[PDB]
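Chain A is the first sequence line, chain B the second, and so forth, proteins listed ahead of strands; every chain is numbered from 1. Hydrogens, waters and symmetry mates play no part in the numbers below; they use all other heavy atoms, side chains included.
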Amino acid sequence: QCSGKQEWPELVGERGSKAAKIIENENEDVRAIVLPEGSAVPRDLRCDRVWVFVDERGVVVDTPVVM
Amino acid sequence: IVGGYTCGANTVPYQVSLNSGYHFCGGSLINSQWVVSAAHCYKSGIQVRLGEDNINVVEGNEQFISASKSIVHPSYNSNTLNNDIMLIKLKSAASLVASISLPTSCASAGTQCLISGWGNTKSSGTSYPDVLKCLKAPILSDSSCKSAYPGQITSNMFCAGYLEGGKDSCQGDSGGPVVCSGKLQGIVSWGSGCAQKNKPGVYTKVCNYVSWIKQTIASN
Ligand SMILES: [Ca+2]
């Protein structure tokens, strides 16, 4: 159980940089991290982190969530 | 842990949960006063939870002890996760829940190990378990490992798991134990997704650090 909004289905298909700003505005406790789709990541669990995975066109490729 | 199984209470006595309000990483108890975890699990005000099985229900074996200090490896690279190892000193000694021995030699590819943790149990989507999860998995050849993650594997890392996918560690498992024949050989560290084909788990190679561990404990 983390705090605030947890998932952004509406952002799939949006530009990464744009989604990151929206995410950080809608949940002030997280930082959005834009990564290329398929980027390797640490295996910790966080309530203050939202990965935003983008394809080569910088488009959000999957639902960003707090994790 | 995805594709694993319920360990059962007290079957992994060295397993530690790091808690900062919530469970965020695992760790391994190496003696009554010291825990080994991943450097990227560092934060201030860590509470160490030993004797946990179900992390959401107090069942009777828990010892919750504050971390008095958390020493990150001097050469830890937060970007590449090279030297992803951290020592945590307990404010008071744990009651011996038991410690796991350090390795005297590095394990070889093909060796069967036990990986465990309270990490996500889904390759896709999300599910966080109450009780401790275990996975038996082999160390993979340095050749396989490098091919899976070109340009990213250092001499301080090894891959373990299944190239065919389906069984892996996952977010929430970092810092936790990879134990092979009674010795702590690895620390859950990183990977691409969880349990994806040709994307096995990458682990800190504990045998490279035995000396740093001893010296660090002795001077702190
Ligand atoms: Ca418990």
Side-chain angles (χ1 to χ4, degrees), chain A, chain B residues 1-2 17-27 37-43 55-56 78-81 84 115 117-120 122 124-126 128 148-153 157 159 168-176 187-194 196 198-204:
Chain A
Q1 179 66 65
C2 290
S3 82
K5 191 179 180 173
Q6 299 296 115
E7 306 196 0
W8 288 260
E10 338 85 59
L11 276 27
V12 173
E14 297 287 339
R15 281 203 344 274
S17 74
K18 144 114 153 180
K21 283 270 68 271
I22 294 185
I23 286 159
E24 278 176 6
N25 277 132
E26 295 189 350
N27 185 330
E28 297 184 3
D29 292 335
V30 311
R31 169 192 147 201
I33 304 176
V34 179
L35 297 185
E37 170 183 32
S39 294
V41 286
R43 291 179 161 180
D44 56 339
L45 230 200
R46 317 228 294 150
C47 282
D48 62 349
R49 183 181 54 197
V50 174
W51 287 306
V52 182
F53 296 106
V54 297
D55 62 14
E56 275 163 13
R57 288 169 309 113
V59 168
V60 177
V61 94
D62 200 19
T63 304
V65 304
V66 179
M67 177 196 304
Chain B
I1 304 289
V2 9
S17 167
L18 306 186
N19 189 299
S20 60
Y22 54 94
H23 165 89
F24 69 88
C25 272
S37 189
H40 78 265
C41 293
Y42 169 89
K43 57 176 65 167
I55 51 167
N56 290 314
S78 65
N79 269 152
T80 66
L81 260 33
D84 197 6
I115 313 179
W118 287 274
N120 185 2
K122 295 299 289 298
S124 187
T126 237
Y128 302 107
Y149 296 110
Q152 288 183 289
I153 301 305
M157 309 175 181
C159 292
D168 202 357
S169 55
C170 200
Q171 281 57 47
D173 290 322
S174 273
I187 303 167
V188 179
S189 179
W190 63 272
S192 185
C194 307
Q196 304 304 312
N198 293 138
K199 296 300 178 166
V202 185
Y203 301 88
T204 306

Examine distances only and state if a side-chain atom of B/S174 and a backbone atom of A/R43 form a donor-acceptor pair shorter than 3.5 Å.
-> yes
Could you check which of B/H23, B/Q171, B/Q196, B/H40 has the highest count of heavy-atom pairs closer than 4.5 Å to chain A?
-> B/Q171
When heavy-atom pairs shorter than 4.5 Å are enumerated against chain A, which of B/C25, B/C41, B/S169 gives the highest number?
-> B/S169
Find the distance between CG (A/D62) and OG (B/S124) and round it off to the nearest 0.5 Å.
-> 7.0 Å
Answer with side chain, backbone, both or neither: which region of B/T126 has an atom nearer than 4.5 Å to a non-hydrogen atom of chain A?
-> side chain
Closest non-hydrogen atom pair between B/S192 and A/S39, with its separation = OG-O, 4.2 Å
Minimum-distance pair of heavy atoms, taken over all atoms of B/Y22 and A/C47 = OH-N, 2.9 Å
Where do A/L45 and B/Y128 come nearest, in terms of heavy atoms and distance?
-> CD2-OH, 3.5 Å
Check ion pair A/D48-B/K43 (N to O, under 4.0 angstrom) = no
